[PDB]
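Trainee: Here you go, one structure.
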Amino acid sequence: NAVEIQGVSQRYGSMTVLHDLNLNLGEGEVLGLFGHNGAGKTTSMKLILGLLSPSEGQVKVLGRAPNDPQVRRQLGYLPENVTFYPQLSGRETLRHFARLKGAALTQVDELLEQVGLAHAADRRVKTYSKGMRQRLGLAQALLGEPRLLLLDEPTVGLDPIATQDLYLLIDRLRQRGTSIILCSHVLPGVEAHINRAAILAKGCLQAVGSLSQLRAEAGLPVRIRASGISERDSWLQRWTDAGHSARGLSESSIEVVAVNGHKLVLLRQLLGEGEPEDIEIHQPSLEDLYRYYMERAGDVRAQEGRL
Amino acid sequence: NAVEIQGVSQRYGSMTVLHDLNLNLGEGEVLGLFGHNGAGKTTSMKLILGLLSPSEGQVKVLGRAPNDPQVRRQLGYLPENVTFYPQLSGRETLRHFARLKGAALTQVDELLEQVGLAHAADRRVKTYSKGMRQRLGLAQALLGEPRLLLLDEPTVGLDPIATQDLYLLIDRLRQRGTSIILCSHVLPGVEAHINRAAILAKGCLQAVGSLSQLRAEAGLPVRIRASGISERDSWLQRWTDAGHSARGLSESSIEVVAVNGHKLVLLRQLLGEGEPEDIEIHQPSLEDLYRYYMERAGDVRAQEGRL
Amino acid sequence: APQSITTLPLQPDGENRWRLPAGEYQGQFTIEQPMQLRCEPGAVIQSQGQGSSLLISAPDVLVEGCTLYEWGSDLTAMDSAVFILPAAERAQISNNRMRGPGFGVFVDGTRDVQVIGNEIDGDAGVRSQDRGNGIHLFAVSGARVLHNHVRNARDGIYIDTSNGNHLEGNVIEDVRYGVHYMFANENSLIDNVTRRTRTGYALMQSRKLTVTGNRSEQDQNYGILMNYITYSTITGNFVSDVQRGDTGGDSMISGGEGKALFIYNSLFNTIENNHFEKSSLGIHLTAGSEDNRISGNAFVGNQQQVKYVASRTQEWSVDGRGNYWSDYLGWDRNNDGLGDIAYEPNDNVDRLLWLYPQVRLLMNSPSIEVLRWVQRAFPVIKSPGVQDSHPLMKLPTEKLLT
Amino acid sequence: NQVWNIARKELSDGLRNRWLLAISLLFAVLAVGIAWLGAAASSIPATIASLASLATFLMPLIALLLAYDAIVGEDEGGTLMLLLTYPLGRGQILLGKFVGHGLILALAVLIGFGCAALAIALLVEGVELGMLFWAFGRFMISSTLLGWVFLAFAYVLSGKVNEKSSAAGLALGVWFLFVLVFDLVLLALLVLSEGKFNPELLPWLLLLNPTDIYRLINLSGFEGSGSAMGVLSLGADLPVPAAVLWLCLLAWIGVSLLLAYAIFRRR
Amino acid sequence: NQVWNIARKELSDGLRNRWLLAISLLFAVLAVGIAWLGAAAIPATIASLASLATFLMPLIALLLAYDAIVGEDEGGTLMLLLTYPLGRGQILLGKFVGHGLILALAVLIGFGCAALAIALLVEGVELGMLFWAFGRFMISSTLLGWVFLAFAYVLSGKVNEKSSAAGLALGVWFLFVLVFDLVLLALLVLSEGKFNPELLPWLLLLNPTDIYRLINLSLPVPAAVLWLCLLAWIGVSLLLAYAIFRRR
Ligand SMILES: [Mg+2]
């Protein structure tokens, strides 16, 4: 396993800023830490690196200790809102970062092409955009053969093509065997590429699992909309006694809500009879799950429309 | 009719950075301009505010002149990235914009309850986060009953709870009768709240309309994420030979790119043979629609997961 | 001690005029009769080393052309070469060569004595404390000592309480004091040159006297030292390169770093048209000696121009014409000879160094360079010094350098 | 009016600058300290030329500390692009910034020369209170004008640059040039030519430096010596009267403010 | 060794600083223009050059390295660099080598043209005394600059923002060049009954600019203690900077 956090408890003074977190990241998975901007996410991201030390437990990066020099040669990182040395060049910043991590200089000009920075290389860092610097900060994270990545807000300021092309680079890496970690604050946009999310509140760790495992645990409805449905009335009432609200839409269509523990028993009941006619399933998204788990154990909702 | 851009061919340096768009806007609709980091979005965002001059074209904001003071009272704006005045307080910088736009000073406290900032009011702006400045930057835009918002990426650096509730405030102002123009770059996520999108690049307006109108205009496949499948190779030897690109996401979880006439008949294979634990059907989103229009006119996709 | 008549003098003319032929002589000699004796150049009147060699007691004696050698050295009994009594009025001592360890010309109580054109080489081995005076003058009125050459005596031309006398054109080399003055009221001295001397001109307590055209070349620690001189006139003196050293005795002065002019308690005197060149101190003005007419000099090349340890203002320009200063960084818009801005030679930080010598370690600091510049920007902190409105732009002493 | 509504911001933003209040209290404790040393020595014409030299070093400094980031400090802060979408013009958010920063310099020198008057009327016994009020009234309404000149310079050098790190380099360059380089270039032109370059043009070269026009106004009545003036002793060769010297100081504002508006209008 | 790999960065980043290149050009013109007024107008001109290099070589050192640590924390690259195979010692000592060779070159453009203006404009300068008095001058001016380099790492590591780092770097520059010697003069001319002036040659050792001028004026102490007291001010303040940098 890549990261094996076995019950750590980080504390600054008297208060415990991270209370009994216990994670386990497999070597091919893509994990996403989601929490508010307090001490929930960013202290746990530092404990994986060598920046802090667990005051009650221990971590295990790649089956070692988190500050060994053999570890950090095969570990990228990308912090949120970095600005590099503005009088240097694009290429000379990477050639400086190549000698520190021990990666060869031949890998530098590949990586400037790999993030699409070859046209704006050999120019000053001060005449770069916000999204242009994020390509450079990504390019140093792929130095060497990184067996672990920690991308903290990797897609802000980027093009929507370049956002989409970034996750194609991500999905290449998680098939090549390098587990990575996302740390984002925009949940649609990462919710297609998260293999298993690790949403946590202010203090503790709330829920970790796959997206199927979160929706099966958090009882939350689904919108199983189905057009072209024949005969419309006994098909309508057979969900009402089943415990659903069948909306008799006019254009031979029936909207079926559920609780998604009865998910699979309705899909074959919509597919096995022979008249589904181009249905649409609308699962509850990640921010709806984020709305649930924060309201489950860590606040109240805002007033009717406030924030 | 809020914004009636009628044949604006903006050229400076005789370069034609904005070539002949004809963009209306409804009285309550929420338009989304989703340009690149080039000449498309940010040129047309300046023409609505009146601070840029329309070379050979008319811009009739609110049926009046684009730079009257009578329309700038009835308009709000939020810029790209602001750090307002780091020595001033929280209330006083909002009280400063109150006398500028001519709003009454009773409104400056109720916005600080509306924007969740009353806990952090009367404090220095150099102590605010990136999120709190974006919270403050919304509060000046809602100042003095605004009838045309113009927000550029309003949710960056913000909490996912506060991101979700900000769109409720946007949905509050749509029902109040105020047109709103979002200009974002994080397009998966803003598609749940816009009523029409305006995707443009290479200067020219490429396409416009609602999200139903673009999918009708552009035949796009349906992503069928299937998690908890029987075996990986039992299906990826079959869906690939069926002419459907299908990748992997985990140990036992596949996604399937259909051709929309074979979505349902191949969903018969998924349920009637080897039933998984969860099936999610994705509509063609705003993100994948955005990829089509740039490939319609302009740039070709990258190769082997670069960029 | 024989007499001058005990020699063999050949009379050339019968008007009491004698002529001693070439040939050596011996012992002391005494003039008791008004005999105008001359000498051939081979008349080496060499004494044995005791007594005053040529004592003169008669008036109107024209001693000429003698060559004296090795008289006594008892300075208490005044072993001179030529002793001249008060009754020996109007003596002429013309063109003589002297070599001996005592007084060269000791006169006292005389009137109109003339010591002209002589060469008095004093000593070589004595420590400049027992060599005796070159030309000693003790309360004489009317004297005329002209164009002599005294070398390696003790304290040069000593003058004690002599009222009216001229010192014209005499060369003084490698002695302790060049010219010493003691209570010599209404004196005069013109065009004298002092070279390599532990004090060039001692001017002690003598009033109303004229010091004009004199030269001081490479002397030690005191160029012209004036103590308690009143109504004097210092016009045209050239004092050059007063280097550091020590006087060796430290009797009336102390050792100095090199001062071209040291004014001590001199109240009224005109110090004009002088030239103080390349010494460590151009002029030292003590606190008791103030308000005297000092205008027209040339303070060139000195490492520190004026030393004035006071806080009283001192204008150094009579009738609107001042002195030429080498470091005067001024301009001249209205095309006169005068500069346009006044020249302060001393800062406030230039007087902290004189008051406290430990500030010499801090003298190269940038804060000191701040402290020099803050006075130039803020004149409230400028102590009232030794400034002169309208300084000169060109050298006024263009002739004294030859 | 909108010009006062944006002036009320800068009046409440410049007074929270802690770097201003350090060097505006430094202007108060030095103007008392110069006037206290002028009381123990008595003279009178040296404390005018030293107070005018103190405000030569500090009233350009407080003016350039305030307004070097007035335009470019709002442009890269993002709040300038927002402000043009308010019912304003580019001429109102510059004249409003000039009124807002101008009342700070009118108060930073009323603290300084105000406490200098109380360190003279309570220190020098038997002083003429009419002559004190007249001389320090001329110091108050002319050190603002020297301050408003360098305020209008700072709007010129902020609109031209587009990065705040380069605005601080130019504001330090303008403060070095006008205060203690132009006084040394004019000194070195007079020394090395020995006053024979131009006997009539060189007094008119004082009018191309507003710190020298400032010193020539306050040293009108109390001339005294020439060595306290130094390079400012060329003012006796100027045939211009005193009333035009006020107007030549006001013309340094209006030329360098209309230049500040013409640069900002094509930002 | 990775202490050199981060030193090659700071050479390339320091030489493109426009603020440094403005002052280092201004340092070289004032070093010829003082030498112009000392030859056309040699221990008398090496003391006035010592007062010049006491003004600007602390100012050059504080312009380079006031934002060395806290400028990287605000830029976010400091948090990235600690995740590299790098100790906190090699980042600080590697910046000290990298910033150190800049002002070891800035005196070679500073005094390299000043020694050119003396050896070629006196014509009989007796250059055998020059190559040892300027060899002692260029060495001792670098070590003065390395003190204020190590002073800049102490104040950068303590603060949390780049704006308050320049507020302390200006404050350290005012205190150590022209406030410490003015309170030495104020302890002399205003206090004499409670200020022993024989003690004052030992209080000159508490100021690295003062130790800089004393090895250009050759005094109760020898020269070799002053070289070991200037090097101890580097070695203590770098050890102080390393102790602060481990507490971020
Ligand atoms: Mg003149």
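Note on naming: chains are A, B, ... as they come in the structure tokens, residues start from 1 per chain, ligands start from 1 in the order shown.
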Check which residues fall inside 6 Å of ligand 1 when counting only C-alpha atoms and all ligand atoms, and print them as a PyMOL selection string.

Mentor: chain C and resi 332-336+338-340

Trainee: Go ahead and write the selection's residues with N, CA, C and O atoms as a compact mmCIF listing (two decimals), in the first residue's frame.

Mentor:
# COMPACT_ATOMS: atom_id res chain seq x y z
N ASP C 332 32.06 81.62 -8.71
CA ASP C 332 32.12 83.08 -8.77
C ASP C 332 31.22 83.53 -9.91
O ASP C 332 31.60 83.46 -11.08
N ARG C 333 30.02 83.97 -9.56
CA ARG C 333 29.08 84.40 -10.59
C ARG C 333 29.37 85.83 -10.98
O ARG C 333 29.64 86.13 -12.15
N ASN C 334 29.29 86.74 -10.02
CA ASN C 334 29.68 88.12 -10.27
C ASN C 334 31.19 88.13 -10.33
O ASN C 334 31.86 87.78 -9.35
N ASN C 335 31.72 88.51 -11.50
CA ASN C 335 33.12 88.32 -11.84
C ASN C 335 33.99 89.35 -11.12
O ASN C 335 34.53 90.30 -11.70
N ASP C 336 34.14 89.14 -9.83
CA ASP C 336 35.17 89.72 -9.01
C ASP C 336 36.13 88.63 -8.57
O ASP C 336 36.00 87.47 -8.94
N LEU C 338 36.44 87.60 -5.57
CA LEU C 338 35.91 86.96 -4.40
C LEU C 338 35.00 85.81 -4.79
O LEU C 338 34.36 85.82 -5.84
N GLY C 339 34.91 84.84 -3.89
CA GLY C 339 33.95 83.77 -4.04
C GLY C 339 32.58 84.26 -3.67
O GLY C 339 32.40 85.35 -3.12
N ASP C 340 31.58 83.44 -3.94
CA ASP C 340 30.24 83.91 -3.68
C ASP C 340 29.67 83.42 -2.36
O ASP C 340 29.05 84.19 -1.64

Trainee: Using only C-alpha atoms, determine which residues of chain E fall within 7 Å of chain A; present them as a CSV table (one decimal) with N, CA, C and O atoms, in the first residue's frame.

Mentor:
chain,number,residue,atom,x,y,z
E,2,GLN,N,23.8,18.6,-2.8
E,2,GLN,CA,22.7,19.4,-3.1
E,2,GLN,C,22.8,20.8,-2.5
E,2,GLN,O,21.9,21.6,-2.7
E,5,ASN,N,23.4,22.6,-5.7
E,5,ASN,CA,22.3,22.6,-6.7
E,5,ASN,C,21.3,23.7,-6.4
E,5,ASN,O,20.7,24.2,-7.3
E,9,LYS,N,20.8,28.0,-8.4
E,9,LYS,CA,19.6,28.8,-8.6
E,9,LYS,C,19.7,30.2,-8.2
E,9,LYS,O,19.3,31.1,-8.9
E,13,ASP,N,19.0,33.6,-10.1
E,13,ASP,CA,17.9,34.5,-9.7
E,13,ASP,C,18.4,35.8,-9.2
E,13,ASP,O,17.7,36.8,-9.3
E,16,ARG,N,19.4,38.5,-12.0
E,16,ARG,CA,18.3,39.2,-12.7
E,16,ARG,C,17.5,40.1,-11.9
E,16,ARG,O,16.4,40.5,-12.4
E,75,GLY,N,5.7,32.8,-1.6
E,75,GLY,CA,5.6,32.2,-2.9
E,75,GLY,C,5.2,30.8,-2.9
E,75,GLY,O,4.9,30.3,-4.0
E,76,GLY,N,5.2,30.1,-1.8
E,76,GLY,CA,4.8,28.7,-1.7
E,76,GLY,C,5.9,27.7,-2.1
E,76,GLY,O,5.7,26.5,-1.9
E,77,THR,N,7.0,28.1,-2.6
E,77,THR,CA,8.1,27.2,-3.0
E,77,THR,C,8.8,26.7,-1.8
E,77,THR,O,9.5,25.6,-2.0
E,83,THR,N,9.6,19.1,0.8
E,83,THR,CA,9.2,17.7,0.4
E,83,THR,C,10.2,17.1,-0.6
E,83,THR,O,9.9,16.0,-1.1
E,84,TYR,N,11.2,17.8,-1.0
E,84,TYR,CA,12.3,17.3,-1.8
E,84,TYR,C,13.3,16.6,-0.9
E,84,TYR,O,13.3,16.7,0.3
E,85,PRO,N,14.2,15.8,-1.5
E,85,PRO,CA,15.3,15.3,-0.7
E,85,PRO,C,16.3,16.3,-0.2
E,85,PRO,O,17.4,16.4,-0.8

Trainee: Can you tell me, as a list in words, what residues are no more than 9 Å from residue 65 of chain E when counting only C-alpha atoms, ignoring any on the same chain fewer than 4 positions away?

Mentor: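 Neighbouring residues, sequence-local ones excluded: residues 60, 61, 69, 95, 96, 99, 148, 149, 150, 151, 152, 153 and 156 of chain E.
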
Trainee: In Å, how much C-alpha RMSD is there between chain B and chain A after the fit, with all atoms paired in order?

Mentor: 4.1 Å

Trainee: Would you kindly report the residues of chain D within 10 Å of chain E, using only C-alpha atoms, as a PyMOL selection string?

Mentor: chain D and resi 19+165-166+169

Trainee: Please produce a file of those selected residues containing N, CA, C and O atoms, as a compact mmCIF listing (two decimals), in the first residue's frame.

Mentor:
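Generated output (part-v1.txt):
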# COMPACT_ATOMS: atom_id res chain seq x y z
N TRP D 19 3.40 52.91 8.33
CA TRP D 19 4.64 53.52 7.87
C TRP D 19 4.52 55.03 7.73
O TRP D 19 5.53 55.72 7.77
N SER D 165 6.21 46.64 -7.84
CA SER D 165 7.63 46.59 -7.51
C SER D 165 8.44 47.57 -8.35
O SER D 165 9.50 48.03 -7.92
N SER D 166 7.96 47.90 -9.54
CA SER D 166 8.62 48.91 -10.35
C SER D 166 8.15 50.31 -10.01
O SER D 166 8.85 51.28 -10.32
N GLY D 169 10.44 51.45 -7.22
CA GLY D 169 11.75 51.83 -7.72
C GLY D 169 11.75 53.22 -8.32
O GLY D 169 12.72 53.97 -8.17

Trainee: Which residues are near residue 33 of chain B? Cut-off 10 Å, only C-alpha atoms, ignore same chain within fewer than 6 positions. Put them as a ChimeraX atom specification.

Mentor: /B:40-42,44-45,152,181-185,187,196-200,205,208

Trainee: Go ahead and save the residues from that selection, with N, CA, C and O atoms, as a compact mmCIF listing (two decimals), in the first residue's frame.

Mentor:
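See again-v4.txt below for the written result:
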# COMPACT_ATOMS: atom_id res chain seq x y z
N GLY B 40 -11.82 35.49 -26.53
CA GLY B 40 -13.24 35.27 -26.59
C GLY B 40 -14.04 35.84 -25.43
O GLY B 40 -14.89 36.71 -25.63
N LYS B 41 -13.77 35.35 -24.23
CA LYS B 41 -14.62 35.64 -23.08
C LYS B 41 -14.39 37.06 -22.57
O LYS B 41 -15.32 37.87 -22.53
N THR B 42 -13.15 37.37 -22.18
CA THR B 42 -12.84 38.59 -21.46
C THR B 42 -12.94 39.85 -22.31
O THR B 42 -12.96 40.94 -21.74
N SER B 44 -15.61 40.25 -24.54
CA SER B 44 -17.05 40.47 -24.50
C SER B 44 -17.56 40.76 -23.10
O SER B 44 -18.63 41.35 -22.96
N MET B 45 -16.83 40.36 -22.07
CA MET B 45 -17.22 40.72 -20.71
C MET B 45 -16.96 42.19 -20.43
O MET B 45 -17.63 42.78 -19.58
N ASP B 152 -17.49 36.72 -12.65
CA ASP B 152 -16.42 35.98 -13.31
C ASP B 152 -15.76 35.09 -12.28
O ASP B 152 -14.97 35.57 -11.47
N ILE B 181 -24.90 36.80 -15.63
CA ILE B 181 -23.97 36.21 -16.58
C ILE B 181 -22.79 35.64 -15.81
O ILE B 181 -22.04 36.39 -15.18
N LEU B 182 -22.64 34.32 -15.84
CA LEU B 182 -21.49 33.66 -15.25
C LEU B 182 -20.42 33.47 -16.31
O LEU B 182 -20.72 33.14 -17.45
N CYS B 183 -19.17 33.69 -15.92
CA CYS B 183 -18.05 33.56 -16.84
C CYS B 183 -17.03 32.68 -16.14
O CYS B 183 -16.10 33.18 -15.52
N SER B 184 -17.20 31.37 -16.26
CA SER B 184 -16.42 30.44 -15.47
C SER B 184 -15.47 29.63 -16.33
O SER B 184 -15.55 29.61 -17.56
N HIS B 185 -14.55 28.94 -15.64
CA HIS B 185 -13.64 28.01 -16.28
C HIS B 185 -13.65 26.63 -15.63
O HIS B 185 -12.76 25.83 -15.90
N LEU B 187 -16.35 24.47 -15.63
CA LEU B 187 -17.59 24.11 -16.31
C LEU B 187 -18.35 22.88 -15.82
O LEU B 187 -19.59 22.93 -15.82
N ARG B 196 -28.92 28.93 -20.36
CA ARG B 196 -28.37 28.93 -21.70
C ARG B 196 -26.87 29.09 -21.57
O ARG B 196 -26.39 29.80 -20.69
N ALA B 197 -26.13 28.42 -22.44
CA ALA B 197 -24.68 28.56 -22.46
C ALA B 197 -24.25 29.20 -23.77
O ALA B 197 -24.89 29.01 -24.80
N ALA B 198 -23.17 29.96 -23.72
CA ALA B 198 -22.62 30.63 -24.89
C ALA B 198 -21.14 30.28 -24.97
O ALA B 198 -20.31 30.90 -24.30
N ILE B 199 -20.83 29.28 -25.77
CA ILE B 199 -19.48 28.75 -25.88
C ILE B 199 -18.82 29.41 -27.08
O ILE B 199 -19.32 29.31 -28.21
N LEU B 200 -17.70 30.09 -26.85
CA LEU B 200 -17.03 30.78 -27.94
C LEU B 200 -15.53 30.61 -27.82
O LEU B 200 -14.99 30.54 -26.72
N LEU B 205 -18.36 33.55 -31.98
CA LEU B 205 -19.29 32.77 -31.17
C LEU B 205 -19.54 31.44 -31.85
O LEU B 205 -20.02 31.41 -32.99
N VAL B 208 -24.66 28.56 -29.15
CA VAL B 208 -25.43 29.16 -28.08
C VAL B 208 -26.75 28.40 -27.98
O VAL B 208 -27.16 27.70 -28.90

Trainee: Do you know which residues are at most 7 Å from segment 154-167 of chain C counting only C-alpha atoms, after dropping those on the same chain fewer than 2 positions away, and could you put them as a PyMOL selection string?

Mentor: chain C and resi 128-146+150+152+169+172+175-190

Trainee: Include C-alpha atoms and write out the residues we just selected as a compact mmCIF listing (two decimals), in the first residue's frame.

Mentor:
# COMPACT_ATOMS: atom_id res chain seq x y z
CA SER C 128 71.41 71.32 20.84
CA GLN C 129 71.24 72.12 24.54
CA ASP C 130 74.70 73.57 25.16
CA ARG C 131 75.76 74.83 21.73
CA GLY C 132 75.26 78.49 22.52
CA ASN C 133 73.46 81.12 20.52
CA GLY C 134 74.28 82.07 16.98
CA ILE C 135 73.60 85.81 17.13
CA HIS C 136 72.68 86.74 20.70
CA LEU C 137 71.31 90.26 21.14
CA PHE C 138 70.62 91.46 24.68
CA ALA C 139 68.73 94.82 24.91
CA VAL C 140 70.19 96.70 21.95
CA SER C 141 68.62 99.75 20.33
CA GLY C 142 69.69 100.55 16.78
CA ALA C 143 71.19 97.22 15.69
CA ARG C 144 71.48 96.03 12.10
CA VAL C 145 72.06 92.31 11.72
CA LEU C 146 71.99 91.56 8.00
CA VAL C 150 74.14 80.71 11.12
CA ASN C 152 73.85 74.29 13.88
CA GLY C 169 68.11 88.40 4.67
CA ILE C 172 69.34 79.89 9.42
CA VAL C 175 69.22 74.84 14.56
CA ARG C 176 66.74 74.41 17.49
CA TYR C 177 64.93 77.75 17.21
CA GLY C 178 65.20 79.93 14.16
CA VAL C 179 64.65 83.40 15.62
CA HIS C 180 63.81 83.82 19.30
CA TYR C 181 62.17 87.04 20.50
CA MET C 182 61.86 88.02 24.17
CA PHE C 183 60.14 91.36 25.01
CA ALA C 184 61.51 92.99 21.84
CA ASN C 185 59.03 95.82 21.44
CA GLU C 186 58.89 97.70 18.09
CA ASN C 187 61.21 95.28 16.29
CA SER C 188 61.44 94.35 12.57
CA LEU C 189 62.71 91.39 10.54
CA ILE C 190 62.65 91.01 6.76

Trainee: Select residues of chain B: the criterion is any atom within 7 Å of an atom of chain A, counting only C-alpha atoms; output as an MDAnalysis selection string.

Mentor: chainID B and resid 36:37 114:116 159:162 165:166 168:169 172 185:189 249:250 264 271 278 280:281 291 305:307

Trainee: For the residues in the current selection, export N, CA and C atoms as a tab-separated table (two decimals), in the first residue's frame.

Mentor:
chain	number	residue	atom	x	y	z
B	36	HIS	N	-12.22	30.51	-23.77
B	36	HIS	CA	-10.86	30.12	-23.40
B	36	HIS	C	-10.19	31.22	-22.60
B	37	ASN	N	-8.89	31.06	-22.37
B	37	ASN	CA	-8.07	32.12	-21.79
B	37	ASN	C	-7.47	33.02	-22.88
B	114	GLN	N	-26.43	38.27	4.80
B	114	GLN	CA	-26.68	37.45	3.63
B	114	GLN	C	-25.43	36.71	3.21
B	115	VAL	N	-24.39	37.44	2.82
B	115	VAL	CA	-23.08	36.83	2.75
B	115	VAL	C	-22.65	36.53	4.18
B	116	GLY	N	-22.28	35.28	4.45
B	116	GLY	CA	-21.99	34.81	5.79
B	116	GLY	C	-20.70	35.35	6.35
B	159	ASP	N	-15.63	27.33	0.01
B	159	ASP	CA	-16.02	26.06	0.57
B	159	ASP	C	-17.08	25.41	-0.32
B	160	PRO	N	-17.09	24.07	-0.41
B	160	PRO	CA	-18.13	23.39	-1.20
B	160	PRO	C	-19.53	23.54	-0.64
B	161	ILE	N	-19.67	23.78	0.66
B	161	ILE	CA	-20.97	24.15	1.20
B	161	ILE	C	-21.37	25.52	0.70
B	162	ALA	N	-20.44	26.47	0.76
B	162	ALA	CA	-20.70	27.84	0.33
B	162	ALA	C	-20.84	27.95	-1.18
B	165	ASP	N	-24.44	26.86	-1.83
B	165	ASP	CA	-25.43	27.83	-1.38
B	165	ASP	C	-25.37	29.14	-2.16
B	166	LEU	N	-24.25	29.43	-2.82
B	166	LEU	CA	-24.15	30.63	-3.64
B	166	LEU	C	-25.06	30.54	-4.85
B	168	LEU	N	-27.85	28.96	-4.82
B	168	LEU	CA	-29.19	29.21	-4.31
B	168	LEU	C	-29.48	30.70	-4.28
B	169	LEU	N	-28.48	31.51	-3.96
B	169	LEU	CA	-28.64	32.95	-4.03
B	169	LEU	C	-28.75	33.43	-5.47
B	172	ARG	N	-32.15	32.57	-6.28
B	172	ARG	CA	-33.01	33.57	-5.67
B	172	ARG	C	-33.17	34.78	-6.57
B	185	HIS	N	-14.55	28.94	-15.64
B	185	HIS	CA	-13.64	28.01	-16.28
B	185	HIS	C	-13.65	26.63	-15.63
B	186	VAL	N	-14.62	26.35	-14.77
B	186	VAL	CA	-14.65	25.10	-14.02
B	186	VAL	C	-15.94	24.37	-14.35
B	187	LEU	N	-16.35	24.47	-15.63
B	187	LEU	CA	-17.59	24.11	-16.31
B	187	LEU	C	-18.35	22.88	-15.82
B	188	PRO	N	-17.72	21.72	-15.43
B	188	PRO	CA	-18.52	20.74	-14.69
B	188	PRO	C	-18.88	21.26	-13.31
B	189	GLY	N	-20.16	21.57	-13.12
B	189	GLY	CA	-20.60	22.16	-11.88
B	189	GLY	C	-21.47	23.37	-12.09
B	249	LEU	N	-11.68	1.79	-14.23
B	249	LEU	CA	-11.53	2.82	-13.21
B	249	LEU	C	-10.93	2.26	-11.93
B	250	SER	N	-11.20	0.99	-11.64
B	250	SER	CA	-10.69	0.37	-10.42
B	250	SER	C	-10.49	-1.11	-10.71
B	264	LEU	N	-29.52	1.39	-24.74
B	264	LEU	CA	-30.49	0.57	-24.04
B	264	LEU	C	-30.29	-0.92	-24.30
B	271	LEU	N	-27.48	-5.83	-17.12
B	271	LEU	CA	-28.37	-6.25	-16.04
B	271	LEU	C	-28.68	-7.74	-16.12
B	278	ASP	N	-23.80	-1.23	-8.66
B	278	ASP	CA	-24.28	0.12	-8.92
B	278	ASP	C	-24.02	0.45	-10.38
B	280	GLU	N	-24.35	3.89	-12.96
B	280	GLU	CA	-24.62	5.31	-13.11
B	280	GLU	C	-24.59	5.67	-14.58
B	281	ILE	N	-25.65	6.30	-15.05
B	281	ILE	CA	-25.74	6.76	-16.43
B	281	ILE	C	-25.47	8.25	-16.42
B	291	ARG	N	-15.80	20.13	-25.37
B	291	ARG	CA	-14.77	19.49	-26.19
B	291	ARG	C	-15.19	19.39	-27.65
B	305	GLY	N	-2.35	11.34	-23.49
B	305	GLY	CA	-2.47	11.97	-22.19
B	305	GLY	C	-1.43	13.02	-21.85
B	306	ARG	N	-1.13	13.91	-22.78
B	306	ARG	CA	-0.33	15.07	-22.42
B	306	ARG	C	-1.30	16.21	-22.10
B	307	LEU	N	-0.76	17.42	-21.89
B	307	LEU	CA	-1.48	18.68	-21.58
B	307	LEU	C	-2.35	18.59	-20.33

Trainee: For residue 29 of chain E, which residue out of E:125, E:114, E:42, E:7 is the nearest one, using only C-alpha atoms?

Mentor: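 Nearest candidate to residue 29 of chain E out of E:125, E:114, E:42, E:7: E:114.
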
Trainee: Determine, using only C-alpha atoms, which residues of chain D have any atom at most 6 Å from an atom of chain B, and tabulate each with its shortest atom pair and distance in Å to one decimal place, rows ordered by chain and then rising number, as JSON lines.

Mentor:
{"residue": "D:77", "atom": "CA", "partner": "B:83", "partner_atom": "CA", "distance": 5.3}
{"residue": "D:78", "atom": "CA", "partner": "B:82", "partner_atom": "CA", "distance": 4.5}
{"residue": "D:79", "atom": "CA", "partner": "B:84", "partner_atom": "CA", "distance": 5.7}
{"residue": "D:86", "atom": "CA", "partner": "B:72", "partner_atom": "CA", "distance": 5.9}
{"residue": "D:87", "atom": "CA", "partner": "B:69", "partner_atom": "CA", "distance": 4.9}

Trainee: Find the residues of chain E in contact range of chain C, meaning any atom within 7 Å when counting only C-alpha atoms, and list them as a VMD selection string.

Mentor: chain E and resid 47 51 54 to 55 177 to 178 181 to 182
